[PDB]
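I have placed the structure first, in the form of structure tokens, so that the comments after it can refer back to it.
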Amino acid sequence: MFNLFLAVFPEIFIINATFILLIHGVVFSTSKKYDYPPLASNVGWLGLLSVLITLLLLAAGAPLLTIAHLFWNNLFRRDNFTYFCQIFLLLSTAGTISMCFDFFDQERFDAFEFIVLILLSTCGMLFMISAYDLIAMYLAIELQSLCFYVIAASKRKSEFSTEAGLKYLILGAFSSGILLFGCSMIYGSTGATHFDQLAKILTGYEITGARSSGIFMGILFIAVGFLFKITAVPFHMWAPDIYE
Amino acid sequence: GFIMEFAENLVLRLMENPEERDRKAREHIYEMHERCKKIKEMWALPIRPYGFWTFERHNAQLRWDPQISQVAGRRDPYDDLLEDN
């Protein structure tokens, strides 16, 4: 029973640490004893430690994380590709969160919700790599999307941050709608939301022999949504403004 | 002795065995060409293997559904009717 969760510890731990950090920050940011301390660097260091610990958990579970693969089949399918992709994304997140510590105290930006949202978006990304179905794919996309929509407009004094956040919001919502409309018809014309059975109903017959106007256009819309997600030309409507 | 009688055999020790050099050259050519053929063969592999779905890791449902076709919400209507006896 409990041992069937040995494949989800690198994520359960990060969620629990995220919750603990949120609780600690909200409790001790309003304490009159310490006179509302600026515990953004503290939460950031604890989050970096949590990321390192879940990286250690992920690295040492290489023989693991492939057990109970039948039970988790409908939800996600993690393998050697997923293992390395997650172990590199988590390192990138650790480096990014580490190189931004001085930003918290140099310009006096003590909002610990920034760090918890970084952590929770990282958890969403860890879901995305393991995601092996259209539903989980879309939900894991939406986790990071909403986290970034919140984070982009965090600095609420500069007209650039707010407008860039709003543009990112609108563009990401449109891209998500496009991608979801694309997935809807691929589900409609074949059923089989799961990737394993989606790769088996389409391999049977080539598109050249007979034309299916549903699967092709659903695949096209999924690709268009993904190109919006990575901001690939010509789907680069506002990306420089978002980054500036 | 004198300088040249020692510098001569010093240079001779400094120089290497040519027979070893020729043997190593022909060897290195042989295994380099064999490895070149091996890499040429390796680059010919298609991205999608011939089996693909035949692989046990790419089914994940032929051995999961049979142990699920007994739970409520997946049973053929003519299963609960004659299961009483």
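We number chain A the way Swiss-Prot does; in order, the residues shown are 12-255.
The backbone N, Cα and C atoms fix where each Cβ goes, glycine too.
Proximity of distant same-chain residues to the transmembrane segment (A:15-35), defined by a Cβ-Cβ separation under 8 Å and at least 6 residues beyond the stretch ends, is recorded for 50, 54, 57-58, 61-62, 64-65, 68-69, 72, 75-80, 82-83, 89, 97, 123-124, 126-127, 130-131, 133-134, 137-138. As annotated by Swiss-Prot, transmembrane segment applies to A:15-35 (among others), with the evidence given as sequence analysis.
Sequence annotations record features per position, and here Swiss-Prot assigns transmembrane segment to A:56-76 (among others).
The transmembrane segment annotation in Swiss-Prot covers A:95-115 (among others), and the record cites sequence analysis as its basis. A Cβ distance under 8 Å defines the sequence-distant neighbours of the transmembrane segment (A:95-115), meaning residues of its chain 6+ beyond its ends; these are 21, 51-52, 55-56, 58-59, 62-63, 65-66, 69-70, 89, 121, 126, 129, 133, 136-137, 140-141.
The transmembrane segment annotation in Swiss-Prot covers A:122-142 (among others).
Annotation comment: Swiss-Prot describes A:145-165 (among others) as transmembrane segment, evidence class sequence analysis. Within the same chain, residues 86-87, 122, 124-125, 128-129, 131-132, 134-136, 138-139, 172-173, 175-177, 179-180, 183, 187, 190-191, 194, 197-198, 204, 206, 209, 240, 253 sit at least 6 positions outside the transmembrane segment (A:145-165) and bring their C-beta atoms closer than 8 Å to a C-beta of that stretch.
Residues or ranges marked as transmembrane segment in Swiss-Prot (evidence: sequence analysis): A:226-246 (among others).
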